[PDB]
Amino acid sequence: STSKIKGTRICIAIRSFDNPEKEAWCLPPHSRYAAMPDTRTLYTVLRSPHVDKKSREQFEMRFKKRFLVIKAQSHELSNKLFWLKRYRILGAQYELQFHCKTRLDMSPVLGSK
Amino acid sequence: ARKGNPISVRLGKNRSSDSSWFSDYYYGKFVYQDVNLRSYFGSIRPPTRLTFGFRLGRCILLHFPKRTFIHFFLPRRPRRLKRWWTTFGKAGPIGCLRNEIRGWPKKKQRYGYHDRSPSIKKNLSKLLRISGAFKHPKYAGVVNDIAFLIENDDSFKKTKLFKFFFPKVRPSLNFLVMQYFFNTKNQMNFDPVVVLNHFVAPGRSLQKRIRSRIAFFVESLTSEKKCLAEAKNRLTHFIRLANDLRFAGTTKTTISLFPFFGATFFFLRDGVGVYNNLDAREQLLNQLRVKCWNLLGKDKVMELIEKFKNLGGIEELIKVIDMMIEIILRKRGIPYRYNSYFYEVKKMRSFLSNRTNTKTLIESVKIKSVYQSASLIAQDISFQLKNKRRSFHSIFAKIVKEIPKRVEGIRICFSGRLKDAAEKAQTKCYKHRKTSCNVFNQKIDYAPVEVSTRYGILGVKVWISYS
Amino acid sequence: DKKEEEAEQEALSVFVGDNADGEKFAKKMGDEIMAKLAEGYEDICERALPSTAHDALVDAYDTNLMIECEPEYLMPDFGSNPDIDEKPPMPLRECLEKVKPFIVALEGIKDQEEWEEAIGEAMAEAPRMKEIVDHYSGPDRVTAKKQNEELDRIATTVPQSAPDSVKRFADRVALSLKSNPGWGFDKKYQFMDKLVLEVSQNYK
Amino acid sequence: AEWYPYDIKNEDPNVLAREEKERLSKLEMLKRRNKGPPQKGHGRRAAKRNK
Amino acid sequence: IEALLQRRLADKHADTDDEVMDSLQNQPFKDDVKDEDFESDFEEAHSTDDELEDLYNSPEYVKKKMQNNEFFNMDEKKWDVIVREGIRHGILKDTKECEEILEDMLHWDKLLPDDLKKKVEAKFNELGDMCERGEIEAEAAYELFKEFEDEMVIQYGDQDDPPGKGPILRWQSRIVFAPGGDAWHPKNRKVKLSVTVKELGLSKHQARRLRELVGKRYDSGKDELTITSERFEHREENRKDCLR
Amino acid sequence: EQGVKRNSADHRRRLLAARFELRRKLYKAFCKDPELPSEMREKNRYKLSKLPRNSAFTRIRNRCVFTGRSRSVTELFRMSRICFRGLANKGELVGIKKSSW
RNA sequence: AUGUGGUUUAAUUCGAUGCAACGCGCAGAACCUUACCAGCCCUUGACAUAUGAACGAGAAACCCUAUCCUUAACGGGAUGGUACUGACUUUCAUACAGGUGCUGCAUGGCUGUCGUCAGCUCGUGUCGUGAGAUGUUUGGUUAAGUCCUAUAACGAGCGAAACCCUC
Ligand SMILES: [K+]
Ligand SMILES: [K+]
Ligand SMILES: [Mg+2]
Ligand SMILES: [Mg+2]
Ligand SMILES: [Mg+2]
Ligand SMILES: [Mg+2]
Ligand SMILES: [Mg+2]
Ligand SMILES: [Mg+2]
Ligand SMILES: [Mg+2]
Ligand SMILES: [Mg+2]
Ligand SMILES: [Mg+2]
Ligand SMILES: [Mg+2]
Ligand SMILES: [Mg+2]
Ligand SMILES: [Mg+2]
């Protein structure tokens with residue numbers, strides 16, 4: 001199926017200046033792949049160290065983001081976290097999102113029902 | 001609206017930057033660190049008259065979480081070709097001598113370099129030499145059969161284990177104590193049973209199974225203390241010990257399981273370098289022994305035989321020879337055949353790692369000629385003009401004559417007071433073959449440099465095209 | 001090639017001195033305390049003489065400890081709930097005993113003597129690992145329950161002779177400092193201490 | 001307080017030695033032609049006022 | 001060595017020799033390297049490259065050198081393969097008995113039948129009764145009787161959501177892996193927990209009072225009560241705050 | 001301490017303000033509750049006014065770290081426009097490339 | 001509203017001056033910035049390196065969750081407490097440190113303009129005593145020495161176009 005993975009899982013958010021698809025080998029294995037919009041920031045500077053007001057040069061800074069989905073059951077999350085702590089992705093910073101489920105203890109509040 | 005830098009137009013495509021990282025909260029630290037490190041590295045070991053010097057062409061910096069990698073590129077020395085045992089002055093002029101709840105947190109920094117910090121490598125070395133020394137006979141058997149396997153079996157070579165382990169205190173309680181201290185210092189509840197999944201690889205004895213279940217039940221339901229009549233029962237309650245020693249056997253194999261030292265060997269793989277001095281180590285191993293064996297005993301055997309006749313405490317002579325071996329290594333100064341280049345590189349990595357709190361690495365590459373980057377060519381021209389020997393036409397002619405092939409054109413501009421008699425500064429430009437900067441799929445490199453002179457500042461610009 | 005070999009020989013002989021004393025020692029006492037002294041020399045040689053492989057394995061160990069022992073990467077068991085009541089931690093000697101049969105079945109340990117020797121080497125190696133984790137992890141954490149208890153206590157350390165408005169002001173300042181993650185705890189209790197000191201300067 | 005960072009050239013003692021050698025060399029090339037700084041408290045206006 | 005041997009014998013200046021060791025091990029020396037010695041070892045330490053032809057594509061060269069490293073990035077599947085092959089070649093030990101004993105340590109109250117639990121409990125009660133008197137040689141004979149009746153009991157014996165039961169929580173937590181050796185990031189300390197209101201089984205008036213007490217942390221289309229904590233400096237502290 | 005002569009006074013001001021940050025917030029906290037006694041408000045206003053004026057955060061000016069220019073300083077890069085353009089043309093500052101559209 | 005000249009003032013900081021200066025340097029002047037003026041201060045100095053003396057085997061400077069008094073304010077005088085110092089701290093002396101002082105008509109680097117106008121040259125060959133010329137002198141087309149044809153010239157290089165980004 002192509003429906004959304006909802007449950008126990010890992011989500012990796014990778015932010016970079018370059019495209020991560022240029023070096024695809026350093027990415028972790030994953031179930032799903034998607035991309036976010038690029039974000040640009042504009043700078044306009046004077047060219048001269050003195051009065052040349054109408055001459056400008058325009059630079060930009062561009063941010064790129066990618067989203068990875070990993071399906072994982074409850075027993076192997078602590079196994080995968082050890083390796084996920086030690087990765088080396090080229091020119092990137094990654095974000096580890098953890099989705100897990102526990103249960104509620106009702107004993108100290110069941111008196112109030 | 002004037003002529004601009006060639007690199008800025010083709011920075012994205014057809015070229016790549018010298019650094020690779022990303023941050024948003026820590027951008028201002030890295031954008032300063034790049035500029036500061038590249039400004040520092042270019043002023044190290046300048047060429048004298050009798051030295052070729054350190055000529056850095058491109059410095060490549062890669063940033064990873066807590067690990068930073070630096071790659072240097074240097075040209076080979078152009079030259080036409082054809083002791084340690086006694087040294088002095090390389091040593092010491094003096095042997096020295098004549099809030100319980102109200103604690104403080106970890107201090108942070110965001111924008112610059114950390115403060116100067118004492119190191120921990122002495123304690124790490126002390127832990128590693130007297131812990132896990134792998135001289136145990138329980139570890140002696142496994143290296144024997146791995147030596148049998150490597151020299152005779154090709155299926156061991158064609159196997160991923162060889163390709164990782166050899167790219168051409170027992171450890172379990174150590175990790176348990178590590179995990180206990182790391183959990184109790186940050187005040188998270190430490191259950192040691194769930195730690196045991198680290199010592200687990202998921203990829204007949206049912207009587208023992210039920211006996212273990214009931215032997216865990218008998219230790220769960222008990223321990224209601226303050227009773228001596230049942231403390232006698234606790235004394236005869238050593239069926240927990242039966243459950244302990246039920247699973248025992250003779251083991252022939254060591255452990256390469258539990259991925260915590262697998263990661264240590266994984267880090268050892270990628271940071272070995274290219275240099276080792278085991279030959280110079282083993283040359284001194286058997287010679288310092290015969291030096292220290294014949295040094296003592298020079299009509300001064302009376303103190304040694306007094307030490308022998310005192311008691312069986314001879315092992316303080318081991319501390320005596322510790323002091324003497326420290327004295328003899330300190331007097332000469334610097335290791336025996338350790339390369340000075342790797343000495344300076346290691347000394348460089350040490351202060352970089354301490355100031356930034358990472359584990360930085362330095363990898364060097366030697367290339368064939370100085371004509372492989374505009375920065376190298378401009379540095380060469382500036383060093384040639386620093387002592388006046390040649391004219392500008394002669395320098396350009398020599399560069400054109402000994403330029404290597406695969407360079408599709410060159411151009412050099414000199415500006416300043418070129419002629420000594422005249423005061424009005426002019427510009428001289430020399431060109432050769434194709435230097436069309438307006439084609440964006442060409443490979444054009446550019447570099448400036450400034451020369452101090454008697455009459456001010458001279459300037460040199462270099463454009464070079466590649467095929 | 002005569003010059004370098006003659007130079008190393010003249011340096012080596014003047015390093016080694018005169019070879020009477022080593023043979024005199026070989027004759028004097030015997031070979032067994034020489035074997036003991038040779039093992040002592042062997043354990044020196046892994047400290048005194050530098051080894052590139054030793055320093056590289058120390059660096060790889062340093063990298064592994066730097067990644068592993070970081071307080072910002074901690075994630076506990078994924079099938080558990082928090083310990084709200086904050087039970088005190090069981091001691092290390094008792095923690096090593098309820099783990100016994102797994103590591104006995106795993107690591108080796110042929111009998112109780114081998115077990116106790118392993119426990120001895122672990123317990124004697126333990127105190128310097130506290131210094132290791134002191135260098136890596138940091139000082140401590142101090143839980144927010146105790147932080148709020150201390151902040152409430154210094155709010156109750158006001159003098160009695162002050163008006164009730166000052167006491168309400170102190171309790172409200174402690175309440176608004178209670179939920180501030182952008183302040184250091186040292187700065188928080190410094191702020192409360194200085195407020196109490198300034199009021200006590202005029203309400204003796 | 002962290003706005004002005006630390007310069008990593010300050011830890012290597014070779015480069016500061018070469019910089020101080022260049023400062024001294026410039027000072028000596030000024031001193032060899034009697035264009036160096038005067039004595040403190042003995043400036044030109046002080047000597048003219050004493051004259 | 002004569003002088004320090006004599007002072008080892010005297011044992012009066014024993015406070016000095018340890019500081020001799022500290023000074024000789026710690027205090028720096030004149031570690032200068034002349035530039036000819038700096039350059040002469042470099043070319044015998046490194047060999048000339050043969051494939052560059054220019055330094056224009058230096059980053060791509062370094063990145064390809066790192067791409068060729070097969071063990072650049074490593075994961076648990078790779079460790080599982082290299083732990084299967086070492087078991088196959090006989091250098092490594094199978095861990096089947098270790099997971100068998102770990103399952104016993106984790107879950108013994110679920111697999112042990114209660115009809116056996118009550119009879120072994122009665123056996124412990126009678127043996128603790130007979131141990132207090134001490135007339136049965138309870139140090140060893142009681143343990144022997146325990147082993148005999150335990151063998152008798154073993155002869156009688158030998159013939160997706162989370163575990164357990166209750167309302168189910170859902171957690172969310174973030175770790176930022178920043179480069180450069182400075183680890184603290186502001187996104188570290190935020191924890192969210194989600195719960196379904198109807199699983200608590202509250203009455204209608206109790207649910208209305210909950211909704212009034214909550215406000216907009218309740219989402220009606222999903223019956224989702226979500227509590228987020230950022231007010232504490234550490235991730236576990238925010239988790240505990242969410243549960244409280 | 002940092003090397004650039006023209007940034008020395010502003011660096012001194014930054015250190016002096018980071019020293020006195022705690023007392024300034026404390027007296028500003030006392031002066032903002034009107035239910036508090038008038039004499040205590042007056043005393044805290046006096047002690048806040050007696051603080052060193054160079055320790056005030058409004059005297060701190062952003063200057064360029066490589067040069068010391070007092071105008072047109074981008075806070076993200078901490079460099080002035082001239083240093084920023086010179087380093088961006090070469091290809092040094094990461095991320096920033098030319099821009100067209 | 002804002003900039004400039006002029007005028008006045010203790011000071012009204014300086015630069016930019018036809019096109020190509022004048023909402024320009026200034027993408028932020030209440031104090032700071034600030035370069036200008038008036039008072040109150042300091043002199044190896046707010047900061048660096050070296051040498052030579054003096055003090056100190058733990059004192060002094062230094063610092064603080066500091067306190068009080070006095071100054072328009074910087075500062076100055078007391079009172080507390082912690083911690084450190086021997087290839088190391090401080091104090092004094094002299095080499096000096098320092099300068100938004102002048103010269104853009106001594107310079108590097110950076111920029112405006114002629115000008116996105118289509119131009120500016122070189123190597124061999126030929127003509128001319130020579131400076132020089134031809135190539136780049138025909139007939140057309142093009143935004144364009146862009147392309148064809150013709151031509152004692154044959155070929156190159158920097159420019160044009162395309163390669164680049166975006167819709
Ligand atoms: K010609
Ligand atoms: K055109
Ligand atoms: Mg200046
Ligand atoms: Mg401001
Ligand atoms: Mg003017
Ligand atoms: Mg102009
Ligand atoms: Mg002023
Ligand atoms: Mg003003
Ligand atoms: Mg001035
Ligand atoms: Mg000019
Ligand atoms: Mg002018
Ligand atoms: Mg023309
Ligand atoms: Mg012509
Ligand atoms: Mg053309």
# chains A, B, ... in the order shown; residues from 1 in each chain; ligands from 1
>>> residues_around(residues="segment 40-47 of chain F", least_positions_apart="2", cutoff="6 Å", atoms="only C-alpha atoms (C1' of nucleotides)", output="list in words")
residues 27, 31, 37, 38, 49 and 50 of chain F
>>> residues_near_ligand(ligand="ligand 8", cutoff="8 Å", atoms="only C-alpha atoms (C1' of nucleotides) and all ligand atoms", output="number ranges by chain")
G: 29, 31-34
>>> closest_atom_pairs(of="chain G", to="ligand 3", cutoff="12 Å", atoms="only C-alpha atoms (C1' of nucleotides) and all ligand atoms", output="CSV")
residue,atom,partner,partner_atom_place_in_ligand_line,distance
G:98,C1',ligand 3,1 (Mg),10.1
G:99,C1',ligand 3,1 (Mg),8.5
G:100,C1',ligand 3,1 (Mg),8.3
>>> write_last_selection(atoms="C-alpha atoms (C1' of nucleotides)", output="PDB file, in the first residue's frame")
ATOM      1  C1'   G G  98      49.426  54.256  20.256  1.00  0.00           C
ATOM      2  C1'   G G  99      47.481  58.162  15.871  1.00  0.00           C
ATOM      3  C1'   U G 100      39.708  58.543  11.817  1.00  0.00           C
TER       4        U G 100
END
>>> interface_residues(of="chain E", to="chain G", cutoff="12 Å", atoms="only C-alpha atoms (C1' of nucleotides)", output="list in words")
residues 27, 28, 29 and 30 of chain E
>>> atom_distance(atom1="atom CA of residue 45 of chain E", atom2="atom CA of residue 274 of chain B")
8.1 Å
